[PDB]
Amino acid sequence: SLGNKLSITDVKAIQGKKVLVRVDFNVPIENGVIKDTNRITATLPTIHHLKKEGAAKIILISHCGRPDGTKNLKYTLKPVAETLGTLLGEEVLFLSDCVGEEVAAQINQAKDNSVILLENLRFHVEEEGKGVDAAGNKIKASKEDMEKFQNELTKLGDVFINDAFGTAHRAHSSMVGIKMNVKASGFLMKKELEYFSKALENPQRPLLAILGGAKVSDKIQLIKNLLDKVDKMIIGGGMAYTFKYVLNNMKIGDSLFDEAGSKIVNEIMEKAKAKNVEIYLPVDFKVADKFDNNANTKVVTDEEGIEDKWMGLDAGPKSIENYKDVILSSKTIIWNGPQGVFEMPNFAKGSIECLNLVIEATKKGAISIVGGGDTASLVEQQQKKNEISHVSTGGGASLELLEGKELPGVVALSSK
């Protein structure tokens, strides 16, 4: 289950505790400079709550870069400690390792109620379980080595807060091995679990999935899992041309065609029938004579098809009108994919109108969840993040969850 996990706001005994917090600090760093601080700013609510409630120590563990299980100072977390300190208005102590007797002594020496950041977990092969040494030979951590590292992390504190939803799809030591009595979500993880639970567990219906993107093949697992849950599904973007060809023998010209994925289209449509899900594919298209925003364009229906040497790049006007009754009648919406080549303004109208309708439904009480990737980029570029119920920042963990896979870091949390 997703919605019954203990969260930071449920924890009663904090004053005087040593609190270990797993955070997501995987930010790009260029010769000691951090170019995007969004993920660091995102941790401030969890840190402030622990400070105000009187924690004796706030001990942060995280990873960045690609050390592959050896100490590689190109990927040191040191610059993150400086940036976090500037955002907090106080000094953050940075320690050169994350386990052992010297780390413990340095933690105990630190000022009461202060914040401490430990060095990159992935310097240790035991975090991921596998790695590659400096000479380039594969190394593997034994079951006993893993247990020892997890025990050493567990000795660091008294209460565990996991605020790193974006790593929770991994069976890594900091996700599954910190064996404290209280294991609770931080504010970011709490919100991810709250909204994915609302979408997948007991959704207010009708439940609609909006899917899109370039290809069929990478979306097969996502589509098949969502067909077990939803009432309706829009399928759009470049992947739609493969459906129209297989199902109706529609002429597609030079539009994108997914040969490997085409072989699974009939299985998808057959599962939609068996689960009583209504499918909404486009019935017209904006086509172009060149893969370019400046191309000559026109509109063709699915009865006309697309002539040789032209390519479809957005949903057409009738397809866009068909969005209205589908989206506005839905009370939960899961959106994973633009409906055309939204990076080219002349091929963005389908995606922008989809966004406007999702916002309208949300204002009238629907719950809207955006999965990530290009859809999140569209929302950000239109400056509409505050108009969607939840834009996930979980990356690969969000996709695995929507595919129906188990998240080890979520399973390991305490129950409410």
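In case it trips you up, residue 1 is the first one in the sequence shown, and so on.
*Asks:* I need to verify one thing: averaged over C-alpha atoms only, is the B-factor higher for 188-196 or for 76-84?
*Replies:* Looking at the record's C-alpha B-factors, the answer is 76-84.
*Asks:* Going by the average Cα B-factor in the PDB entry, point out whether 349-357 or 378-386 comes out higher.
*Replies:* Mean B over CA atoms: larger for 378-386.
*Asks:* Tell me, please, which of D163, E304, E152, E343 has the highest C-alpha B factor according to the deposited entry?
*Replies:* Across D163, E304, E152, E343, the entry lists the biggest C-alpha B-factor for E152.
*Asks:* From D218, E144, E127, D284, can you pick the one with the highest C-alpha B factor in the entry?
*Replies:* Of the options given, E144 has the highest CA B-factor in the PDB entry.
*Asks:* Lowest, middle or highest third: where is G312 by C-alpha B factor in its chain?
*Replies:* It falls in the bottom third of the chain.
*Asks:* Split the chain's modelled residues into thirds by Cα B-factor; is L156 in the lowest, middle or highest one?
*Replies:* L156: CA B-factor falls in the middle third of its chain.
*Asks:* Consider only the C-alpha atoms of the modelled residues in this chain, order them by B-factor as the entry records it, and name the third containing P338: lowest, middle or highest.
*Replies:* It falls in the middle third of the chain.
*Asks:* Pull the Cα B-factor of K57 out of the PDB entry and bin it into the chain's lowest, middle or highest third.
*Replies:* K57: CA B-factor falls in the lowest third of its chain.
*Asks:* Can you tell me whether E406 has a C-alpha B-factor in the lowest, middle or highest third compared with the other modelled residues of the same chain?
*Replies:* CA B-factor rank for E406: highest third.
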